[PDB]
Every structure is written in C-alpha cells, then in structure tokens.
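> Chains A, B, C, D, E, F, G, H, I and J, in that order, are what the protein sequence lines are. Each residue of the first sequence is one higher than the one before, starting from 13 at the first, in the authors' numbering. Each residue of the second sequence is one higher than the one before, starting from 674 at the first, in the authors' numbering. Each residue of the third sequence is one higher than the one before, starting from 1 at the first, in the authors' numbering. Each residue of the fourth sequence is one higher than the one before, starting from 338 at the first, in the authors' numbering. Each residue of the fifth sequence is one higher than the one before, starting from 14 at the first, in the authors' numbering. Each residue of the sixth sequence is one higher than the one before, starting from 187 at the first, in the authors' numbering. Each residue of the seventh sequence is one higher than the one before, starting from 434 at the first, in the authors' numbering. Each residue of the eighth sequence is one higher than the one before, starting from 1 at the first, in the authors' numbering. Counted the way the authors' numbering counts, the ninth sequence spans residues 619 to 821, 825 to 875, 885 to 1051. Counted the way the authors' numbering counts, the tenth sequence spans residues 2 to 134, 144 to 271.
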Amino acid sequence: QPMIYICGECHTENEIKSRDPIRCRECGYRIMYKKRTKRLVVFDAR
Amino acid sequence: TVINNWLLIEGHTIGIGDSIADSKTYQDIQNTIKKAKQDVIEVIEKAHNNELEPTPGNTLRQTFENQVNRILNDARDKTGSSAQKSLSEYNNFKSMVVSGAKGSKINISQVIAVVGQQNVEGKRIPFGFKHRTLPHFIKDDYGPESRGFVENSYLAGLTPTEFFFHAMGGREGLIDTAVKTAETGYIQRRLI
Amino acid sequence: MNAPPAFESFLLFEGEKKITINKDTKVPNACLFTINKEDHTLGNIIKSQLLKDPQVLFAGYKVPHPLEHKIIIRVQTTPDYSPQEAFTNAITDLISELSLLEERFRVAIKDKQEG
Amino acid sequence: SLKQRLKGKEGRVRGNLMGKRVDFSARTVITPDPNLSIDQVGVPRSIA
Amino acid sequence: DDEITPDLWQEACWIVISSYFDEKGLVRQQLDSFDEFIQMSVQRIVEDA
Amino acid sequence: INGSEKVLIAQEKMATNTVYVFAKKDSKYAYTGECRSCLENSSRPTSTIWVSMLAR
Amino acid sequence: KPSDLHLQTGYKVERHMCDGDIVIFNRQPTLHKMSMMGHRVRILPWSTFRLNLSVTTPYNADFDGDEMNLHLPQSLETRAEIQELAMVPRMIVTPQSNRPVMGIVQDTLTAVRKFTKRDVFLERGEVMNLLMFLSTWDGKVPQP
Amino acid sequence: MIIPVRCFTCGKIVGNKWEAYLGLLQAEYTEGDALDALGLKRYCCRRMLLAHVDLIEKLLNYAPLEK
Amino acid sequence: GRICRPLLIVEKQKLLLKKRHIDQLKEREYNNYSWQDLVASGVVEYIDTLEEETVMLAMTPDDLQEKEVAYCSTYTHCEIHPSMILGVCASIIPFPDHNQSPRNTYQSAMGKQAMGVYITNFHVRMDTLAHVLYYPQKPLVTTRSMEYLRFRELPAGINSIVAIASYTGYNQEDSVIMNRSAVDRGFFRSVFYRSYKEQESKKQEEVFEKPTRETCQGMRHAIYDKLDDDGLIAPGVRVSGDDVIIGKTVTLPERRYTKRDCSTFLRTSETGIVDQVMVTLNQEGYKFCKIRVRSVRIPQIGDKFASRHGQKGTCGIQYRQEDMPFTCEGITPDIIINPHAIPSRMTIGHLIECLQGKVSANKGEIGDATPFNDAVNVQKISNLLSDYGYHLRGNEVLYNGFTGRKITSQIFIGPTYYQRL
Amino acid sequence: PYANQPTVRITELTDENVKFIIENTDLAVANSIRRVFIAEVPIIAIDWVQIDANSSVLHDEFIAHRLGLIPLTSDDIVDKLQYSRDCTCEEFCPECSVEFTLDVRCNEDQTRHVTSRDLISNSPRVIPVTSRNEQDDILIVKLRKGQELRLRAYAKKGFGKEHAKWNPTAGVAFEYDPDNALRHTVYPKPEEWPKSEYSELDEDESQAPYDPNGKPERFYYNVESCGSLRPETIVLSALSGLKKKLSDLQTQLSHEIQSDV
RNA sequence: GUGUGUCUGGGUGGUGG
Ligand SMILES: [Mg+2]
Ligand SMILES: [Zn+2]
Ligand SMILES: [Zn+2]
Ligand SMILES: [Zn+2]
C-alpha cells in the first residue's frame, strides 16, 4: 500500500499513491524509479 | 566414427609454418616476379615506341592487354608451380588440398607465392581516375603494380594499392552473387 | 532453455543402474559393460589394465555420445577365463596400484619435508 | 482491392493456396554431431 | 636536421593522426552540417522567403 | 524524436550545376549533355536540361 | 479428472515426439529433391538441431548460424510414405546426375587420406579402440 | 568491466593482481616485468591481467540510483 | 556535399612537415598546438575527389627518395598513413592485408553485431534491446587506428587461446568447440536487456493496477501476484513467458466484468530478472512506465561466435577442462576451430594474429597489427616467439585430453581476439 | 596380469605447486590421475547466495558469479564435510555447509573495495585464501558513496565435474617422453623444437633415437594449486577419490554379478 | 461445488542463412 518510488535526481523516497501526478517531493522531477523487491533473491554462485 | 576417433590420435592442424617456404623458394618467387615485371616493361616499351606489331583479329590495345595477361598468367603459373613443388608431406595446406576436403592449389599459391592479378568485369583494373587507377600512379601507367597485379602473397602482406584492388575484385564477386540469386530464383520458378 | 543440469554428468537418476552386464551374441566370451554416469577417466584405466592382462584378447571402451554420460566397455577373453571376472581383476589391480602409489607419494612428501 | 488481394506473390493464390504456413513445424539453428547416423537428427527437448 | 628520418616517421605520422582525431573527432561531418543548417540555412530560408 | 535515437543517413545524389555528358545508348540519341541546374541560397527544385544530338 | 484420463481403444493420444519419430527436415532455399529429407529423431540436451556432417552437402548447409525447418508428419499414412520415399538412405543417389549427393567431407576426408597412407601403423590398443566404433563389425579381430 | 576472479584458461586467481599490477606500472616497471613480478608465467594469465579494461571505474562516475 | 580528406603537402620532393611540428604536437595538451594550427601552417590540406584527379600522391615519405629512377619526381601530396583508407569496422581488423577481401567485408558486417559495452551509461538507458558482456577485453593484437575508435576502453570481445585443430569432429563446417570450464569462469558470459513500455490513456479510460478476477474480464491464468499494488513488477523479480509485466485494465462502456484486462505480458519465449522499473509522465501528461528485464546468457551450443577476420562459427560441443587437449604446461585452448576453415577462406590474418598474440602475451606487450607496417612481418614475430622458448611458428606438442597421448601433429595454438555475436 | 609398481620422485614442494615424477605406470593411469586432479577433487566453494541489498553497478548474477570463483581454504574440512544433496537437513547445516556473510556499505566519499576480507566466515579453518596469514585480496566489486552490498552465502562441497569453481588446480603440467624416443609426436623439422625442461639430451641432439620396445614409463607433473588446498593434499585426495570411485564401481559390478547369476 | 478474450491492417528500415 505505501508505494515508494525513488527520484532520479534526489534519490529520495516518495510515498506516491495510485493515480497521482509523478512529482518528486523535493526537486519535482518527473522520473521515478521503483525499489528492489522484497520477496526473495537467491542465485547459485555459478 | 572410426576416422574421427583415429583423428583423436593423429590430430590435424594448420598454422603459420604451413604458409611459409625456405629462402630458396622465396628467392625463386622473387626472381620469377622480377623477370615478369621486366617482360611487362619490355612490352610496354615496344608498344610505346611502336616496335610491337598488332596481331590480327583485334586492335592494338587488345593485343597489348592480351600479351600482358599472358605474361602475368605465366608468372602466376610459374610461382604456383614453384610454391607447390616446395611443399612438404607434413604441410597441412597440402594435406587439406590433396585430400580434396577443402581448398585448392590456387589457394596454396595465393597464400604462399603470389595473390595474382585482380580483375574487374573480366579485365584489369579500369582507369577510374583520369588515365590512372589511383592518384599514386603516373598517368598512362600500364605496368603490373598500376593495374591490379598483386605481387605479394597473403603471408607477406598486400601493399595498400593491392589491398584496394583486391577489395574491388571481392566487391565484384559479391555483386555477382547478389544479382544471380534473384535471377536464378525467377528462372527456377518458371521452370517448375 | 534446454540446457541440461550440471549435476547430471555424474548423478544417477531415480532408478537406473550404475553398471550393467550384457552378453555379446556374435562372439563367445564377449561382454558389453554399460557403466552409467562415467567418462574417459574410468574407461581408459580399466581398458589399459585389461590390455595388460594376457588372458584378454580384446578390450576397448567407447563413449557413444559426449552429451550422454555412459561408457561401453567390450571385453573378450580366453574360453576358460570369463570376461566379468577379468573386469573384476582389472579393477582390483588398479585399486592395488593406486593404493601403492598413494602410500609411496605419502612417504615421498614425508621425506621431502624431512629432507 | 480484390485484384490486389488475388494477384500478389503475398496475395491469395500464391500466398495462401500454393504455399501456406503450417502447424507441427519447428525451426532452430543447426550444429554438427558426428555421432549421429546420416538419417538421424538431433532434436531439443523443448521442441519435442 | 629539419626533417623526419624514416625511423622516426611512424611515431610522427601517428602523432599527426592522433592530433586530427583529438580535434575533429569521428562524427564531425554530421555536427558541422547541422551547425551550418541551424546557424545559416534557416535564416537564409526565412530571408529568401 | 519521441525517445528514439534517430540518425540521418547521408544521401549520395548526383552533383548539381555541372554539365555531364553520357553515352546514353540503346536510344535514338547518340550523345547527351545533362545539367541538373539549381540556384544557390534558395534550393528551388532542380531544373535539369538535356542537350542531345541525333544518331545517324 | 482421472475418469477423463481413462483411455479406451479407438481413442487418439497426442503424445510428444519420442525417439525414432520420422520428421521431414527442410532448409530454404528448397532447390532440389534432397533439400527436404526424412530424418529419424534422436533427443539431445541443448537447443540446436544436430546433423551428421555428410548431410550438410545435400542440404548445402553450413554451421555458421544456419537455421532449418522441421516438419512432423501427423498421420501414420504420411509417416509411412515419408519413411518409404524421403528418408536419407533412400536418396543418397540423386537422379539429376546419377551420382551420390552426399559424401565424406572435411575432417573425415583429410583424416581418411592421412589414415589410408602406406606408412600408418596402429598399435594393438589403438586397433581395439577403433574397432569398437564399427557398428557392422563381426567381432573377430583381424590378423595384423 | 571488472577484473575476473579466475583466469579463463587455467584458473589461476587474478582478481587480487589488478591493483598490484597498477602499482607496479606506477612504479615505472615494464608491464612485462610487472607481470613477471606477479608470478603470472603462463601467457594465459598474462593475457588475463594484460588485456583487461578497468571499466568499473567509469561506471562509478555515475551517481547511484538510490542512496 | 563534396567529400575530402587531409593529406600532407610535398614541395621540392620534401615534406613540408618537419620535426618542429611533431615536437609541438607532442606537447599538444600543454601549449594547445592543435591540428588546426597544422592546417594553418600550410602543412596539410583537404583534397576533394575532383582535386584528387590532378594530384600526385605519395604513399609514404620513403617513396620520395631519389636513389633510383624514383618512378615519379613531381609528387605534390603524401598520405599521412595508408591505413586511413579503412572505415570504422575495418579498422578493428588486425592484419587486414593478409586476408581475402570478402572476409574483411564479412568482419565489417559482423563487427557491428559483436557484443560488448555499447555505451558507458548503459545502466541509465532503457533501450528495447541491449547486450553487455561480463568481461570485455582489449585485443592483444591492436591496430593503431582503433586507438581513436575508443576500442581499447569500450572493447567488444575477449582475447582467447584458440587451437586450430580437428579434435573430435564437432568443430567441422565452420563450427567451434569451446572450453566448458572457461565458460563457467565467465568466458563470454553476457547479459541481455529487454525493455518494455506502456502508456495509460483516457478517451474509455485505462489505468495501471493489479487486476482481480472479480472485476476484470478475460485474463490469462498467470500469476498476477508478481505485480505490486500499482500494477508494476518490482525490480529483482524473476519473470518468465506469459507473465504479466505490467498490469493494465481498461473500463468498458457498459457485475463480474466491469473492466477489461489489457495487461502487457513478457514475451512467451523469453525469461529474465526484472532489474529496472521507471515510472514517469509522457508528453501529454499521462502515466508512462518502462521496465527493463535482465537475462544472463551463458555461451552454449548454437551461440554464434566470430573472429576478427570473418571466421564466424556457431558453438558446437563444449568440453570440460579435463576433456580438452593441453600443452606440456597445462594450457588448454579456450576455443578449438577447424583447420578446414582456413585454406578456402585465406584468413592468414587469423594465423598472424595468433602468432603476434602469443608473442605479446609472453612479452607483456600489446602487438601492433597496423595493416601496412613494413617493420612487422611473420619472420620477425617468429624470431620473437622463438626467443620465448616456444616454437617459432606457434605450434605446440598438444596432448589428448581423453588419453594423455601426445598428438602426432603439433597443433597451432595461441591467443586471438574472439567476439560473441 | 597384475598391477605395476609405481615409484614416486618429487622434485619441488613449494607451498603453491608440486613437481614430481611417477615411474613404472601406464599412460592411461597417469592421464586419469591428471583428470582427477582437474575434475574429481572435491573442495568447498560458494554455491548459494542470497542478496538482500545490491546497489552496486554489477547486477546480482555478476556478484554471485564472482563470489563463487573466490577460493576457500578447503584443507581438512572437505574430509569431514558432506555433499549438500547427500545431507538430510532441509537447510544448509554445518555438517554439510559453511556460511559466509557480507555486508559492506560505502558511507565514504572515496571508493570502497569490497575485497575478500569482507567475506566473513562462520568457521575459522575455512576462509578466503588471501585472508590466511603480504598478498592482496580478491576484488568482488567497487562501491562509490551510497551503494551497499548485503548478502549471505553458503559454501558447499563439490568437484570440478559440476562447475569450474570447484577446480582446485590452476594448470596441470603433464608431460612424458621429452626426448621423443617413443615418437608419439612427429616433428617435420625436429631441430627447431625447443628442448623440454626434463630433457636428458645434449644440445647437439634434436630428439632421441627411436625405441620400439619402449613404452611411456616416466611421467612429469607440475600441479599448481589455486590455494584452496595444499598441492600435496590435492594429489593425495585425488588418489583416494579415484580409488574410491573404482571401489564403488567394483561393488556395483559385484551386485550385478550376483543379480545375474 | 472451477475454466480462452490473447490490437488487427499497411508502410519503412536493419539483420541472418
Ligand atoms: Mg546461403
Ligand atoms: Zn527529486
Ligand atoms: Zn591462466
Ligand atoms: Zn547438511
């Protein structure tokens, strides 16, 4: 529910809700990145 | 199956040593090339000073070009004969060729002795510029080096003029393939 | 996509046998030993030790396909001497030779550290 | 138009009647395999 | 003395080529064509219109 | 252009304002002289003019 | 449900392609009769079709990224007619020039020339190793 | 983009040798002598440590996407 | 539209360029003596093709020497270097003058398909297709032309020890055998980046969301719980074919099915790990997302490989280290190529590259393969290699991997630059 | 009919490589011993990583692959460890695994090297090779300010037949008959072939006279370990492993003989 | 106490055999 994006410039965490304008909370950048998932990441060290 | 599993024991390679020849053979190749260039120079002098008599059934350019082609063909044949005669039974180029697996004696000659004459549309390199093949050549230069004769082998290394002329010959081959495919395709479709 | 698992060159599947004994029918005293999950490592030593045996008149190993992991060892012996016990003799002599070589290597490194 | 539908190589006769796309077919690159017989062909697991 | 010997020729010519590529680069034709179009050709079209 | 990196490929056109003479055979002219002529600094469409002589 | 999975005579089961299945193997451009041939399927791990090196000649096929089209005949009638008409052994000799379309090539050809030389002498163990790559061998080791 | 841990051919560890190689080069040792001093006698490992491009440094110039 | 190239100027059979220009150019970064100053000095000039008709061009300054008839004694211009007639891709080729010209053409085509770090900011870009090699290496045998093509800092292949031998017949018909153990150590491992894009719109209205079967019509039976609550896969999520990568639903004009599912799925044959997801706004203000999927591609059977001389080849079998042949020093090949690929294709540049690479690797040096360098030939490289304890022709006494019996014929083995297409 | 009497003569016993001579044995036995060196000597290497933070430019598979290739001191732990598939635990247990942890955060404005020192082991006997007490450490990744790397990785027993990371050797210099007496290799020009280091010949001679009755008898080794195991331990473990392979095959063969008769 | 809708039609360019 509290979806977190990452500003391209500020690298800040932003609680952006659904159907919201894509705006940074500091510099107002238009481009946002998602955080790495939480489920499980496992690789056999090949 | 049997022959491959024996090839595990025997083994079979190809390398730099198979594309080289002793000092005697390279001296013979260079002497043959030098004599060929001397003959071409003599024919050029005869044509310029008009000691050369045209043969019937063709013009003076055709006679001169035919004689130059004869001289250079003789040079290529003699250099290839010298290079092949210089091979050893352990030469891997010879092994690939006499087995008929791949390659040809012409490939052996080009690699070892002389790449030969580069041709465009069945004739020597045309005067793309004004009366010369490249800006590095004198106007009206009908000698071997000026008109596409690649003296060096693939081992020694092509000079840049020879590199360009060889590129022109290769381009001719590629264009011929590209148009031939479509033409034969339509012919085959009608035939079936 | 179709890459086989890496373990599969040495791990036996759920059920099959490590080695099978099959009689060859066109020649007597001839057998085909089908060892699964193996390669030239065992094949060459077993073949070489069998070649050392005077009571063996044929011994060879073959890997039918490098993408497969089985070897076929064919042994033909004198009529009294069965090839199965010839194979057993080869494995036993190889084990003895390897153990002797190991003990000699151990005493060799012992001496080298000692001087 | 209808004439354009019928006339072309990619049209209806040559494109759909004489030669057409078929089911139960596979395509992948080929690699050598001296162990197979001449009449044998290697096939990937996914394709089969 | 004010000449380049054959043994020094290779490093000299490669220095010259290195200088050229340091200055001009590799895509100078496209950049120069676009710069000429922007600086002059647009104004020439407007004035000529 | 809309996020796509576009590249303009140079077009190799025949040079303008220059008279060229070609041996246009398999026709009723023997020799022809072509001059693709365009005026400088406006680039009005090329008004090519051909001067040719009859074959006989 | 397993009540559905209960097979009875007359049903048709679309099993996957097992080994020994007959397939028609085609490479474009389909020039001559040998451009598409019947082949027997052998299952192999990796993602490429595999060919014996002899059939590279009738197909005009190389191994520098060549792709090939496999066709699986669906009916037993079609399978039988491919088996009786279009299999690789059945069409070694081509009618266009009444000579075999496929032959020994490259590595095998150079090595068989190097092999049949008069100076090649094989030790006993080497002979044992080579003799068992013969599928038609009678099992009797020849006199040296 | 970063020095491989193991040599592709033989398997000798060359992940620890990139920085020592750079230090030796900074010490005005010839790269052949530098490779010799690092114990890489087989030319596979010499190729390994000699043909490598330290592209991870260029990637580090860019900002992290999150801090 | 006129085409021209710089050329040196020759006057009175002497180069106008003197040692002073080179001395100044050596300090170019210091005193800002540029190529423009060299042009302004009257030392070089641009010669058009029409002007090239009437010039007398010298291949090289030693061609100006009047020790003989000298061919021509009115040279007007001189080439800076004959290797400059080659383009970008042809400059990558080492020893292009030792190859058949179609092979150089093929390598020019195939140099545009080789894998590598296509750009330094690749992690920022969201290109639809992208291939990045794990461990690119600058070629050991390097032509000086690609000192300025940025090739030694963005290389596109790996220097690999190849042995030109017929090992097991799996390298026949222009195919290669490669070391499986080397591949496990990262040899030619690469990563394939796939990017998807999607835009929501209102005219009906569609949004990014995680659809449910109780309010969306006609979806597929794929895990929609891979998505987040906003309808986007998070980075670090394994994803296969027919898996929704972006959850998108469109409303219908007029229950169980008030919406229609218009989600975008991953390509059916493709798999990977989602590694970068971006959300932004397009030109007209609607939501717009791009998702980059990362797929590690191990070199396997069938993957295409190519040398720098048109010697393309698909990977045949891969043998582990113990199965592969080895020298007396334990040096297995990284690749094995068939000898039959050489004689018909004339790729002698391949062999000379192997020889020069062996010499360079043993010497701790970077070999020069500028095409028209008289200072370098096969014999000098052979003498150099013989000084390092190897056979002068690059041949070695290889041993059979399966048996340890040293092969009768001595195999030609050495390092050469290889590319993964 | 019976086994040979293989003697051993060791010439070099450096801590990194061993150079030794085996006499009175077959070529197949020596080559199989070399193959077992390369591919059938179990060591312990990382084969399972769980990345819960990776802000580095290298992606997760890159870091995991680099981690797997780092050698670990496998001395005397491999003897008592078990294969992970052969172990009864549902997780990685100590009797079949070794846990490694890494958590490096670059809070500094200068570049951080995630060396092999950051691979913290749960056991003291097994550690990265460079950590043993001069020589530099293995670089996993470089980190600028703000980037982290948190991972928990497990090292399991395995041999080179499955993955190259489990290879304990780096270069196995196997050579026999340096003077070409057996003529197993034929030189077209024997004079221009450099002499081997074990050559018993003088400078005048190119190759030895051919001996028909001769067979491969003296084999020359140089096993260069990558540091995971001692080279002498590599040779001894190889011999024991090959012996146990033959023992398992003999047991299975006897079982089939019983099942058949 | 279940389950099918898979954006078509053109054009342009690049590429592989
Ligand atoms: Mg073709
Ligand atoms: Zn911001
Ligand atoms: Zn190495
Ligand atoms: Zn356990």
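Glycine is no exception: its CB is placed at the ideal position from the N, C-alpha and C atoms.
1. Taking 8 Å as the cut-off, does the CB of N493/G come closer than this to any heavy atom belonging to ligand 1?
2. So for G379/D, helix, strand or coil by DSSP?
3. Could you tell me which chain I residues have their CB closer than 7 Å to the CB of residue 432/G, listed as they occur along the chain?
4. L503/G and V380/D: beta carbons closer than 9 Å?
5. Answer with buried or exposed for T870/I, where buried requires no fewer than 16 other C-beta atoms within 10 angstroms of its C-beta.
6. Would you kindly work out how many angstroms separate the C-alpha atoms of residue 564/I and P757/I, rounded to a whole number?
7. How would you list, in chain order, the residues of chain J whose beta-carbon sits under 8 Å from the beta-carbon of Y763/B?
8. Note the first and the last residue of the continuous alpha helix (DSSP H) segment covering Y208/J.
9. Using a Cβ-Cβ cutoff of 7 Å, what residues of the region 469–483 of chain G are near chain C? List them in chain order.
10. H749/I lies in the beta strand (DSSP E); which residues open and close that run?
11. At 7 Å on the CB atoms, spell out the chain I contacts of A3/C, in chain order.
12. Taking only runs of the beta strand (DSSP E) that begin and end inside the region 626–696 of chain I, which ones reach a length of at least 3 residues, in chain order?
13. Checking 9 Å against the spacing of the C-beta atoms, do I795/I and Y949/I come in under that value?
14. Below 8 Å on C-beta distance, what does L67/C contact in chain G?
15. Quick one: is the Cβ of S124/J within less than 8 Å of any heavy atom of ligand 4?
16. For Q1049/I, which residues in chain D fall below 9 Å Cβ to Cβ?
17. Does the beta-carbon distance from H472/G to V534/G come in below 9 Å?
18. Of the residues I72/C, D93/C, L57/C, which one's Cα is nearest the Cα of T26/J?
19. By Cβ distance, which residues of its chain are closer than 6 Å to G219/F, with the 5 residues on each side in sequence left out?
20. Taking Cβ-Cβ distances below 9 Å as the criterion, which residues of the region 43–65 of chain C are in contact with chain I?
21. Near ligand 4, which residues have their beta-carbon less than 7 Å from any of its heavy atoms, given in chain order?
22. Measuring straight from C-alpha to C-alpha, what distance separates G979/I and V1006/I?
23. Is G773/B close to chain G, meaning its C-beta is less than 9 Å from at least one C-beta of that chain?
24. May I have the straight-line CA-CA distance separating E791/I from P955/I, to the nearest angstrom?
25. Along the region 350–362 of chain D, where does the CB come closer than 9 Å to a CB of chain I? Name the residues.
26. Any beta carbon of chain E sitting closer than 9 Å to that of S228/F?
27. What residues from chain C crowd round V574/G, counting only those whose CB sits closer than 9 Å?
28. Give the straight-line distance between the Cα atoms of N190/J and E762/B, rounded to the nearest whole angstrom.
29. Would you say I72/C lies against chain G (beta-carbon separation less than 9 Å)?
30. Hey, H695/I and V673/I: beta-carbon distance below 9 Å or not?
31. Under 9 Å between beta-carbons, which chain B residues line up against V538/G? List them in chain order, please.
32. Taking the alpha-carbon positions, what's the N797/I to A90/C distance?
33. Between which residues of its own chain and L438/G is the CB-CB distance below 7 Å, once the five residues before and five after are set aside?
34. If you measure from each CB to the nearest heavy atom of ligand 2 and keep those under 5 Å, what residues do you get, in chain order?
35. With 16 as the cutoff for other CB atoms within 10 Å, does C451/G come out buried or exposed?
36. Buried or exposed for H449/G, please, with buried defined as at least 16 other CB atoms from any protein chain shown within 10 angstroms of its CB.
The answer reads as follows:
1. Taking the seventh sequence and counting its residues from 1, the one referred to as residue 493/G is at position 60. Remark: the shortest separation between the CB of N493/G and any heavy atom of ligand 1 falls under 8 Å.
2. Counted from its first residue, the fourth sequence places residue 379/D at position 42. Three-state DSSP puts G379/D in a strand.
3. Nothing can be reported for residue 432/G: it is not among the residues displayed for chain G, which extend from 434 to 577.
4. Translated into positions along the seventh sequence, residue 503/G becomes position 70. Translated into positions along the fourth sequence, residue 380/D becomes position 43. Yes.
5. Here the question's residue 870/I lines up with position 249 in the ninth sequence. So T870/I ends up on the buried side.
6. Residue numbering for chain I in the displayed model covers 619 to 1051; residue 564/I lies beyond these limits and cannot be assessed.
7. If you number the second sequence from 1, residue 763/B lands on position 90. Per Cβ cutoff of 8 Å: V196, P198.
8. Your numbering for residue 208/J matches position 198 in the tenth sequence. It is not in any alpha helix (DSSP H) - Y208/J carries neither H nor E in the DSSP assignment.
9. Residues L477, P478, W479, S480.
10. For the purposes of this step, residue 749/I is taken as the residue at position 131 of the ninth sequence. Going by DSSP, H749/I is part of the beta strand (DSSP E) stretching over 747–751.
11. Within the third sequence, residue 3/C is the residue found at index 3, counting from 1. By Cβ distance, chain I contributes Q930.
12. Runs of the beta strand (DSSP E) lying entirely within the region 626–696 of chain I, each at least 3 residues long, are 662–666 in chain order.
13. Within the ninth sequence, numbered from 1, the residue matching residue 795/I stands at position 177. Within the ninth sequence, numbered from 1, the residue matching residue 949/I stands at position 319. Pairing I795/I with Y949/I gives a Cβ-Cβ distance under 9 Å.
14. What you label residue 67/C is simply residue 67 of the third sequence in a count that begins at 1. Below the 8 Å Cβ cutoff, chain G contributes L477, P478, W479 as neighbours of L67/C, in chain order.
15. Residue mapping note: residue 124/J aligns to position 123 of the tenth sequence, counting from 1. Not so, every heavy atom of ligand 4 lies at least 8 Å from the Cβ.
16. Taking the first residue of the ninth sequence as position 1, residue 1049/I is located at position 419. Going along chain D, no residue has its Cβ under 9 Å from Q1049/I, so there is no contact; the nearest lies around 17 Å.
17. For the purposes of this step, residue 472/G is taken as residue 39 along the seventh sequence, with counting starting at 1. For the purposes of this step, residue 534/G is taken as residue 101 along the seventh sequence, with counting starting at 1. In terms of Cβ geometry, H472/G and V534/G do not form a close pair [threshold 9 Å].
18. As a working mapping, residue 26/J is identified with position 25 in the tenth sequence. Measuring from the Cα of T26/J, the nearest candidate turns out to be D93/C.
19. For this step, residue 219/F is matched to residue 33 along the sixth sequence. Once the five neighbours on either side are set aside, the close Cβ partners of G219/F are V205, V207, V237.
20. Considering only beta carbons, the part of the region 43–65 of chain C lying closer than 9 Å to chain I consists of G43, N44, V63, in chain order.
21. Near ligand 4, meaning a Cβ closer than 7 Å to any of its heavy atoms, lie the following residues in chain order: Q83/J, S85/J, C88/J, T89/J, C90/J, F93/J, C94/J, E96/J, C97/J, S98/J.
22. Counting from 1 along the ninth sequence, the entry for residue 979/I is found at position 349. Counting from 1 along the ninth sequence, the entry for residue 1006/I is found at position 376. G979/I and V1006/I have their C-alpha atoms roughly 13 Å apart.
23. On the second sequence, residue 773/B is found 100 positions in, with the first residue counted as 1. Contacts with chain G at 9 Å (Cβ-Cβ) include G773/B.
24. For the purposes of this step, residue 791/I is taken as residue 173 along the ninth sequence, with counting starting at 1. For the purposes of this step, residue 955/I is taken as residue 325 along the ninth sequence, with counting starting at 1. So the alpha carbons of these two residues sit roughly 20 Å apart.
25. Within the region 350–362 of chain D, not one residue has a Cβ closer than 9 Å to any Cβ of chain I.
26. For this step, residue 228/F is matched to residue 42 along the sixth sequence. At a cut-off of 9 Å between beta-carbon atoms, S228/F makes contact with chain E.
27. Residue numbering aside, residue 574/G sits at position 141 when the seventh sequence is read from its first letter. Those within 9 Å of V574/G in chain C are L57, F58, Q76.
28. For the purposes of this step, residue 190/J is taken as the residue at position 180 of the tenth sequence. For the purposes of this step, residue 762/B is taken as the residue at position 89 of the second sequence. Rounded to whole angstroms, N190/J to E762/B spans 20 Å at the Cα level.
29. Counting from one through the third sequence, the residue named residue 72/C turns up at place 72. For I72/C, the nearest beta carbon of chain G is closer than 9 Å to its own beta carbon.
30. Here the question's residue 695/I lines up with position 77 in the ninth sequence. Here the question's residue 673/I lines up with position 55 in the ninth sequence. A distance below 9 Å separates the beta carbons of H695/I and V673/I.
31. Sequence index remark: in the seventh sequence, residue 538/G carries index 105 (1-based). Neighbours of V538/G across chain B, judged by C-beta separation under 9 Å: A774, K775.
32. Locating residue 797/I in the ninth sequence gives position 179, where the first residue counts as 1. Locating residue 90/C in the third sequence gives position 90, where the first residue counts as 1. For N797/I and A90/C, the distance between alpha carbons rounds to 32 Å.
33. Counted from its first residue, the seventh sequence places residue 438/G at position 5. Cβ contact annotation for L438/G (same chain, cutoff 7 Å, sequence separation greater than five): none.
34. Counting only beta-carbon distances shorter than 5 Å to the non-hydrogen atoms of ligand 2, the qualifying residues in chain order are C19/A, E21/A, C22/A, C36/A, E38/A, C39/A, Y41/A.
35. Counting from one through the seventh sequence, the residue named residue 451/G turns up at place 18. By the 10 Å Cβ count, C451/G comes out exposed.
36. Counting from one through the seventh sequence, the residue named residue 449/G turns up at place 16. Exposed is the call here.
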